[PDB]
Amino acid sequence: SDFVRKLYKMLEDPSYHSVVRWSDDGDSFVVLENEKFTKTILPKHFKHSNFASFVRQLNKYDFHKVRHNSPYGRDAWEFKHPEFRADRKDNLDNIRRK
């Protein structure tokens, strides 16, 4: 998948660490800030600067937002797909448009 491969490539660069990174477990990823992501990082990896079109694409590939009851950030967004993991770089094509 084109989008998925690019999502994983994004999460390789540590310069982004404080803004968008893998979670501690490595089984989900966290968008910690929004503005610098939306303005600086989204454009460089995807064809938009619109956080919500990013979100929309995630739901199309069956990623789900993980709901907090605070753990990562006040206004952080965490997304998780069962197959999308830091250690499973091989299994990316298994993630596909619902």
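Note that residue numbering follows the sequence shown and begins at 1.
The entry shows a gap from residue 69 to residue 70, with 4 to 9 unmodelled residues of the deposited sequence in between. If you average the C-alpha B-factors over 32 to 40 and over 53 to 61, the higher value belongs to 32 to 40. Taking the PDB entry as given, 85 to 93 carries the higher mean Cα B factor of the two stretches 85 to 93 and 5 to 13. Annotation for residue 75: CA B-factor lies in the highest third of the chain's modelled residues.
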